[PDB]
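What follows is one chain in structure tokens, specifically the form deposited in one PDB entry.
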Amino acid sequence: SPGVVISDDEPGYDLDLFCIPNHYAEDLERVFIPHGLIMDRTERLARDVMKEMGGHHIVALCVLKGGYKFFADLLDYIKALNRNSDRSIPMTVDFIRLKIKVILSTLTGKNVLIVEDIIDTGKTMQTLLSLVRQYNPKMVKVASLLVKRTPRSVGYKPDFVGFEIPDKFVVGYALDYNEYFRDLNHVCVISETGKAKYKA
């Protein structure tokens, strides 16, 4: 699956119907992917990952900063699987930040599960695989919460995708605009005024 496909004409949800931090009132336009939906999709993602990988030991690789929330949850759903079955893939965790250079011999001969928040141009993820592959892992797969439909796309496809979204600017669930909106659990769309108020 290309994930849950969200279409260009997806209206999303009025912010008045949800519980949203008062400080981001005028800063968002719509709720775009309810936190809940992100959980439900993630649950299925974790099963899909377990079907494909466990399998063997896994080194779960979290791409900070925007990846931390998906990573956390996904792992929790995996852990939930590891403790209600015979199928118990043991798993160590690791962290990288990519500002495009890194901030790893552990990966050598390992099954690595890269966990990212969003692929847009796919440039970041190409930089990541090449860096990682230099450490000769056994296998490498990518999980991305979001994959943008974009002309800018070189066309790297993640192994695991939560949602396929338009090229709107979305925030929340650890996806930031200039370090803001991470403290929000739904994925939402900035307002013009939000883009302006928090411009760097």
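Basically, rigid core = biggest C-alpha set you can superpose within 1.5 Å across the two forms. Start at 1 and count along the sequence shown; that's the residue number.
Form deposited in another entry: not shown, discussed below.
- Once you line up the core between the shown form and the other one, the Cα of residue 129 ends up 2 Å or more from where it was.
- The Cα position of residue 30 differs by less than 2 Å between the shown form and the other one after fitting on the rigid core.
- A displacement of 2 angstroms or greater separates the C-alpha positions of residue 66 between the shown form and the other one, with the rigid core held in common.
- In the other form, the CA atoms of residue 120 and residue 93 draw together by 3 angstroms or more relative to this form.
- One change in the other form concerns residue 154 and residue 8, whose Cα atoms lie at least 3 Å closer than in this form.
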